Amino acid sequence: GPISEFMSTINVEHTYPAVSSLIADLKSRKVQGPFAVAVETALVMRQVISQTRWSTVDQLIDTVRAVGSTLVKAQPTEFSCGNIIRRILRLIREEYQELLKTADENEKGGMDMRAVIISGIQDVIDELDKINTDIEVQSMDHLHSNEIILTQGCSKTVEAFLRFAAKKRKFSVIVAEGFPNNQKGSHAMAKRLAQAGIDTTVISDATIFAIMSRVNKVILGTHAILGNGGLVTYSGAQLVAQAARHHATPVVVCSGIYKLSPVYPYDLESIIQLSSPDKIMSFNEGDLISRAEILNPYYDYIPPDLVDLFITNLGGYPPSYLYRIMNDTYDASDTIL
Amino acid sequence: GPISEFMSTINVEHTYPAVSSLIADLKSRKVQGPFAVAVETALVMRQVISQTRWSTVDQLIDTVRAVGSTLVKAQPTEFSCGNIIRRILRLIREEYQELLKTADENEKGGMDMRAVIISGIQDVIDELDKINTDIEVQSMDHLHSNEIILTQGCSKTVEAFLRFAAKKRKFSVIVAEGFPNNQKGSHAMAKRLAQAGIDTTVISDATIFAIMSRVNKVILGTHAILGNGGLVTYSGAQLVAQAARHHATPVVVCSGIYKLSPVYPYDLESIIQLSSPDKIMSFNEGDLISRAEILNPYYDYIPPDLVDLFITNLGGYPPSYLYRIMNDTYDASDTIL
Amino acid sequence: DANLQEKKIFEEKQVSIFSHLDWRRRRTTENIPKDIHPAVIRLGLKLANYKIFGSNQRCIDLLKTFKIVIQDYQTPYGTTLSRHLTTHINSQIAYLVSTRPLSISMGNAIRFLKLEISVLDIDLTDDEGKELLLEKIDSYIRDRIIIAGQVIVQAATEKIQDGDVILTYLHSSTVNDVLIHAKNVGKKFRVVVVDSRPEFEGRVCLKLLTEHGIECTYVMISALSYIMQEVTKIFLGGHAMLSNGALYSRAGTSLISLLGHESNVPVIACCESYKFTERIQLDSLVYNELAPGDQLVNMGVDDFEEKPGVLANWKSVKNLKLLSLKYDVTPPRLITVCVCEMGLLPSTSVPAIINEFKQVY
Amino acid sequence: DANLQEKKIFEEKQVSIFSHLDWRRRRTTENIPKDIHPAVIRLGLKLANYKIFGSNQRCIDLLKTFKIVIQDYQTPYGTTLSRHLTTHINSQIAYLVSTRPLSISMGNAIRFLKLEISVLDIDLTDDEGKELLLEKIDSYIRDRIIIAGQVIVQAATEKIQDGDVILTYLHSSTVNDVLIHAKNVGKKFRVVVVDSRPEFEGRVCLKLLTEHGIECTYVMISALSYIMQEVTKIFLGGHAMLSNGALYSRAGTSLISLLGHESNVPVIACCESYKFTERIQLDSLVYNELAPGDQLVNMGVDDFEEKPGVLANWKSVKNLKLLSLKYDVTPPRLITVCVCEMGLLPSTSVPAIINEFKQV
């Protein structure tokens, strides 16, 4: 049940324009990354709420769902889209059921709750700029001096996770650049980690198995978490988990909660995305680019039975408890969009 | 086929008296441990050869294969008794077959080999006062500065193995007292290698798991190795093996070759002898000792699939290559004595 | 001074793994502050000097003592009871922690009582406020522990089968309280009692079960490989269950579970609910509590019997240090069941139960 | 020098787990000694500046060079050939070592050549001793390397099955000669070519196989989890096989093996016999060989080009140090077979074959 069944593509552009403008920005990867998708997904629905007129609540939850179903097929793999939607849907039917009852409680039809949703939407937006700032503080219960740590590729959440510990504890981290797609940011992170007083070492992606033998913990940042606790993460992370489990090395995941999604990884081949081979082999090698098959995926699936701990804005939680974070944050009716 | 089916006890007592004396010292635990029984066994078989009179190799082989089968019956689980015997038998059949050939090679059962076998037996003796010195050298290929090592109980071979590294490389060692039986020797050992410059840390036998997380290697000395590569080790060593396996921590065994044996551990309950329960519960607690079952196992068995490396007087070898030492050191006829 | 000590407590993050574990203990009443209630003194002495001090009886005696504190409390005339009472109590905790670190059991009790003080109705009076939360405490001792125990034992003994061979380790009053039941309900079975150095807590378990007429078998932990071949079930009482499903009990508890699983015996964890923690531990070294190293010097089969050893000068010999951790964590892949008063749950289901009590709106 | 250096090389035993790995390299001929035959120098440069130098071709070019040394050797006729010749050779490796550490394919060859020196009879004249050694070397090249390769190529090709899709990684000229020989006999299959940073040694295996008309796919190592689903077999040419059964090859060789095992695909190890060793390692850090960290600075998909990395000052930035090992040790339980010229053996059967040759 998408939106085009409700509103004509042209009148959508007049009623809620930013929606139609977002889909373009969403398919063209003008806005990628789960955070940038998340915050922009919210404040788009802000204007939507501030622009739709309606009478009964069942109009909204059927309307806002419909735009979401298209807002997903724009680029579905950027999961943070629906997660902001699915959370909004519960946000209204909670604000509904609380008001429909507190009015019944005032006893011996007022769709003017739009500004409450906006006060509820902006609440979740303000939570996003409060993702790392309340996650970085969990380090001092996990990072300790003289320990050896391994991560992979740029991940500011993990970056801020360590640097907070570096304030008082001195220790060492090991960085595996996320070749080919996380190369740039990963190098930068290590250069920043060095300033904070962290014996940081940059290694090729293939040097992972070698050094893990003397690694205490591995910290990882993901691109999203799926309904089975599995991980969709930027390329080359399974190399770390598989090398970790081979050494009984604990695996820790520092992720926000807006990436936690209930969609179930049915077929992986419809999850991973494939970027341009230009990041792997130069266009000049013309003989090769013709005679061969060149692929550059930039996601990676690691199964849930491989993560030992989840650092979230709500706290540390085993993977076998993620579901209770879902049902306390979403609604099973909104699994599919 | 023991000796009593050949020679009367008094004849045994008068012909080879040291035998009858060594049998008593073996059953009475007067001679104990693998090394002490090794040298005493070879010392006995010296006089045997120096006292027996014969004419054929067969009658000689049948004699030594007779005292051995009885010497084993004395106290069998101290396998080093037989392993010295089997080593002697092949030494004869070899030395015979290499002189028997020099005869028919010169042409193109003589009892002169007496002083030759003695000059071959003593070669075995002098090889024993040499194990550790030959073993203590391989350390600098397996120990490195700032590493963390675990050991259990008194084990000279392992002691000299480390102290040879401490004279140059500086590192730390964790020692688990072999309660109840290896208690005394373990503490002193920890004190000794402390003087050698080893950051020594003594733990109760229950803290094995608690620290294996940050341990690089576990190094172990055994009481004997069996025909399946399995280990008969002094009490409480499966704790360090199972904890290692749980942590992907490599297990290395520093042992001489005389403790190697081809007996196949058919039934374990015939191997791990038990000692007095005095060592775990005092006699005073008379109410308990009457109402309860008190057992103190002397030995422990750790299957071969748990040992990653064998340090021997001949070099470092995987467990799967142990057989090619036996078939190069013993003779398959003398597996059963 | 405290910041000066806090500077010291920073420098204790050095090469040694156990650099951070706090060794500072006060075992005497020298220089005690005045605002320390007598019944608190007698407690702090029992904490630092007792050894068979189960994590349950501690929480009880702590609460029963806290009643006597509150009962004798006297708020200043210029301030109601709720305001400026934790401050008094907080000044009691800081003493008790200096005798021996707070157990997980004791901690959550502090966190609970500190809460009910806050939510306490201001429009009451002293004798109204006091008399109230003394029941809250007595209720906490009723529902959270005592009754919960009686549920566990009955729930645990149900899975005891005639012909079993039970293995406990190092005297858990709960685990004793279930075997004695299974004896009195007629279950035909027998017990293996695994003990270990230095303070052989297992004997007192052997003493109890013997005086109840239970076939018992006593071996040190070094005999686990030898003794597990007879065992069919393993019963463990925990000091706490982590939120990842791990079990936080005494030292050998990890090996007991490990050696058992590699011999296909189940690890049954009997632990109450108030001993659940929102925290998690990847290693048995980040969060723990030490015992004095001298206790394993007297190498003999005793601990008070002052017969020396070779390590008596370890405090004075360089490159030599003895230590004895008191707890370690056991991964949940080794724990088979947790026996909370909500029934037999899988250990991984702990944090939900924690979040279930947070229904306190 | 070495008196003071040996203390330095020992003072490097500290916190960094790589502190012991020697980093010293002689890349130029500055202050070079004189005992050094030219053809050795030309090799010393190739040892330090080449980057696609197969472990076999080194041992070949090393020995062929050693031939010329012994030929052009002029024994002091105040003595004989035997004495004062290894001493001459010993002073050649010390240079050749300082330009790049000795491989395992080379040491054993050197360790062998030094023996035949010590055993030949003194009755032979120098011109007789030379011509003898030249034969033993030429035999060592054909019997232990070339022929052994030709056997391995065949035996490995046997286990190739029509419809296969096999995976190589980082240009092992042995495993190339298999695939090459595999298409010529008409085996229907295709190849996956796993490459990795910094010196993309893979894109030359892609060149070779493509220039032979082989279906091939090219992905970096971070795509292993995605591409292993297609693969059916894995072929690896090692730098050496340890005596525990482990395979001592380049960087990702472990992750290739590990990921394969966790996908039920086999790890076939092709490695000649003379690369075997009595050495045994528990971790990939005890014994290894370093590479210049600066090669990591280059960002994009090219080695030496115009990529001013954001780390080009790492040598001068505090607390930031790059490194890149170039060999790692893979345990046996991932390697399923070693295909040596003695046939297809289980990896753990290495030390027997070593003790096989040691009967002399």
# chains A, B, ... in the order shown; residues from 1 in each chain; ligands from 1
$ select_by_dssp --residues "region 223-257 of chain B" --states "alpha helix (DSSP H)" --output "ChimeraX atom specification"
/B:238-247
$ write_last_selection --atoms "C-alpha atoms" --output "short mmCIF file (atom, residue, chain, number, x, y, z; two decimals), in the first residue's frame"
data_model
loop_
_atom_site.label_atom_id
_atom_site.label_comp_id
_atom_site.auth_asym_id
_atom_site.auth_seq_id
_atom_site.Cartn_x
_atom_site.Cartn_y
_atom_site.Cartn_z
CA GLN B 238 43.07 -30.64 32.59
CA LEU B 239 41.95 -27.38 34.20
CA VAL B 240 44.62 -25.49 32.31
CA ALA B 241 43.96 -27.43 29.12
CA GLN B 242 40.19 -27.03 28.96
CA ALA B 243 40.46 -23.37 29.91
CA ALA B 244 43.03 -22.84 27.17
CA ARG B 245 40.88 -24.57 24.55
CA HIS B 246 38.06 -22.27 25.60
CA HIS B 247 40.29 -19.26 24.92
#
$ interface_residues --of "chain D" --to "chain B" --cutoff "9 Å" --atoms "only C-alpha atoms" --output "list in words"
residues 10, 13, 14, 15, 17, 20, 243, 244, 245, 278, 279, 280, 281, 282, 286, 287, 348, 349, 351 and 352 of chain D
$ atom_distance --atom1 "CA of residue 260 (chain B)" --atom2 "CA of residue 158 (chain B)"
16.4 Å
$ interface_residues --of "chain C" --to "chain A" --cutoff "10 Å" --atoms "only C-alpha atoms" --output "PyMOL selection string"
chain C and resi 10-17+19-20+243-245+278-283+286-287+348-352+355
$ residues_around --residues "region 251-255 of chain D" --least-positions-apart "6" --cutoff "9 Å" --atoms "only C-alpha atoms" --output "list in words"
residues 204, 205, 206, 207, 208, 209, 210, 239, 242 and 243 of chain A; 169, 170, 195, 196, 221, 224, 236, 238, 324, 325, 326, 327, 328, 329, 330, 331 and 334 of chain D
